[PDB]
Amino acid sequence: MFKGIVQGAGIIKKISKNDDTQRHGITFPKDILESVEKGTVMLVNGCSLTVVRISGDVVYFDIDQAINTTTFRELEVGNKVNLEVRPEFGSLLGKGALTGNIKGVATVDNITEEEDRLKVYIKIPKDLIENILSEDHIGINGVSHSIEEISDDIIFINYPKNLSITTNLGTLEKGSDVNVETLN
Ligand SMILES: Cc1cc2nc3c(=O)[nH]c(=O)nc-3n(C[C@H](O)[C@H](O)[C@H](O)CO)c2cc1C
């Protein structure tokens with residue numbers, strides 16, 4: 001499993017629509033690109049996916065098993081995805097560790113940037129699914145962080161603002177769909 005610390009951003013270059021599957025070609029930054037190969041299983045927006053092909057800096061994935069419980073179906077060419085390759089020589093996670101099994105999609109209710117914090121409010125739909133506890137960490141697009149507060153069906157996560165920079169958290173707006181991994 002994975003730390004839930006995003007190591008870089010990919011940009012979707014190509015999408016093949018195959019109805020109950022899609023193939024996404026993602027441009028990878030050079031440091032992550034050279035750390036992966038065919039058959040690498042890594043997190044893309046917090047979801048475990050297997051590399052099917054690499055051509056130049058474009059890394060390809062098929063989304064099939066994951067197509068009904070993640071955002072991939074509705075993403076577009078040019079969108080930015082979070083990337084995380086498994087730890088090289090191990091880790092103690094303990095433990096916002098992520099497994100890569102996304103529980104389902106949720107939707108950004110509100111964002112506020114203040115006081116060096118990115119405050120994200122995420123509305124949890126009723127049929128997701130189990131948990132969610134304010135003492136626990138949660139994965140949002142592969143970023144693992146403690147929950148700040150839960151009010152009704154809205155979870156408030158108060159991120160340091162520089163994760164606005166190093167992950168796609170800073171592309172989120174009201175109505176953005178996200179992959180949630182509850183923990184657990
Ligand atoms: C080893 C492993 C590899 C996986 N590879 C894929 C993949 O390439 N495509 C896919 O749609 N789901 C894949 N999944 C399943 C996916 O992570 C899971 O359906 C979603 O997280 C559910 O929301 C994989 C899961 C595991 C454990």
Side-chain angles (χ1 to χ4, degrees), residues 2-86 98 100-113 118-123 125 128 138-145 157 159-181:
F2 296 91
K3 299 172 160 148
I5 296 171
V6 176
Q7 293 162 356
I11 298 290
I12 300 179
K13 182 166 207 194
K14 298 187 178 159
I15 303 171
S16 293
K17 305 225 145 308
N18 309 292
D19 193 350
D20 60 355
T21 180
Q22 293 180 359
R23 172 168 299 176
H24 288 211
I26 303 177
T27 300
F28 274 29
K30 195 78 178 171
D31 68 326
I32 304 178
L33 174 68
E34 305 265 289
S35 76
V36 301
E37 60 200 315
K38 283 188 338 190
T40 292
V41 175
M42 61 177 293
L43 304 188
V44 178
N45 287 336
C47 184
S48 285
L49 302 176
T50 304
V51 173
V52 153
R53 163 190 178 215
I54 302 172
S55 176
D57 58 359
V58 184
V59 180
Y60 292 86
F61 301 89
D62 286 325
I63 297 104
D64 41 35
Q65 183 180 340
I67 198 161
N68 296 124
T69 45
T70 61
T71 63
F72 290 103
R73 178 172 39 210
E74 242 96 292
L75 300 179
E76 299 290 356
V77 171
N79 290 351
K80 173 161 127 265
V81 303
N82 294 334
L83 303 174
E84 184 184 357
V85 177
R86 67 174 81 248
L98 297 182
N101 178 235
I102 296 303
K103 300 319 188 205
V105 178
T107 298
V108 172
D109 169 82
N110 178 215
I111 307 293
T112 78
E113 299 140 54
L118 179 62
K119 295 194 179 174
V120 177
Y121 302 85
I122 301 187
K123 186 174 285 190
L128 179 177
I138 191 166
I140 298 299
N141 293 170
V143 176
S144 181
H145 195 279
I157 304 149
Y159 296 104
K161 166 149 273 296
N162 35 82
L163 293 180
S164 256
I165 292 161
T166 68
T167 72
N168 65 16
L169 293 179
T171 67
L172 294 178
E173 45 182 289
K174 185 180 242 300
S176 290
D177 289 347
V178 298
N179 293 333
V180 176
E181 180 171 350

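The basis for the numbers below is simple: all heavy atoms, side chains too, and nothing from hydrogens, waters or symmetry mates. Numbers here are sequence positions counted from 1.
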Side-chain donor-acceptor contacts of residues 101-111 below 3.5 Å, not counting sequence neighbours, with atom names and distances?
{"residue": "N101", "atom": "OD1", "partner": "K103", "partner atom": "NZ", "Å": "2.4"}
{"residue": "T107", "atom": "OG1", "partner": "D177", "partner atom": "OD1", "Å": "2.8"}

* Partners passing salt bridge (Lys or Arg N to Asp or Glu O under 4.0 Å) against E76 (at least two apart in sequence or in another chain) -> none
Validation: residues 7-14 side-chain donor-acceptor distances under 3.5 Å, sequence neighbours left out:
{"residue": "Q7", "atom": "OE1", "partner": "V85", "partner atom": "N", "Å": "2.8"}
{"residue": "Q7", "atom": "NE2", "partner": "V85", "partner atom": "O", "Å": "3.1"}
{"residue": "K14", "atom": "NZ", "partner": "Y60", "partner atom": "OH", "Å": "2.6"}

* Check: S35 side chain, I32 main-chain N or O, donor-acceptor pair, under 3.5 Å -> yes
Identify all side-chain donor-acceptor contacts of residues 39-53 below 3.5 Å with residues at least two apart in sequence or on another chain.
{"residue": "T40", "atom": "OG1", "partner": "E37", "partner atom": "N", "Å": "2.9"}
{"residue": "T40", "atom": "OG1", "partner": "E37", "partner atom": "O", "Å": "3.1"}
{"residue": "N45", "atom": "OD1", "partner": "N82", "partner atom": "N", "Å": "2.9"}
{"residue": "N45", "atom": "OD1", "partner": "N168", "partner atom": "ND2", "Å": "3.0"}
{"residue": "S48", "atom": "OG", "partner": "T99", "partner atom": "O", "Å": "3.4"}

* Asked: Is any NZ, NE, NH1 or NH2 atom of the basic residue among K3 and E84 found under 4.0 Å from an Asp or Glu carboxylate oxygen of the other?
  -> no
* Which residues share a ring pair (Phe, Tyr, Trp, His ring centres under 6.0 Å) with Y159, sequence neighbours left out -> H145
* **Partner set under side chain to side chain donor-acceptor pair (under 3.5 Å) for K80, not counting sequence neighbours** => none
* Quick one: salt bridge (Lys or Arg N to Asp or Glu O under 4.0 Å) partners of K119, sequence neighbours excluded? -> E114
* With sequence neighbours excluded, residues passing side chain to side chain donor-acceptor pair (under 3.5 Å) with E173 -> none
Name each donor-acceptor pair under 3.5 Å that joins a side chain in residues 19-26 to protein atoms two or more places apart or in another chain, with its distance.
{"residue": "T21", "atom": "OG1", "partner": "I63", "partner atom": "O", "Å": "3.1"}
{"residue": "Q22", "atom": "OE1", "partner": "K17", "partner atom": "NZ", "Å": "3.4"}
{"residue": "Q22", "atom": "OE1", "partner": "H24", "partner atom": "NE2", "Å": "2.9"}
{"residue": "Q22", "atom": "NE2", "partner": "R73", "partner atom": "O", "Å": "3.2"}
{"residue": "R23", "atom": "NE", "partner": "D62", "partner atom": "OD1", "Å": "2.8"}
{"residue": "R23", "atom": "NH2", "partner": "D62", "partner atom": "OD1", "Å": "3.4"}
{"residue": "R23", "atom": "NH2", "partner": "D62", "partner atom": "OD2", "Å": "2.9"}

* To do: Apply salt bridge (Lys or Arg N to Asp or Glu O under 4.0 Å) to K38 and list each qualifying residue two or more places apart in sequence or on a separate chain.
  => none
* List for me each residue that meets side-chain contact (heavy atoms from CB on, under 4.5 Å) alongside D57, sequence neighbours excluded, and say none if there are none. => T27, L33
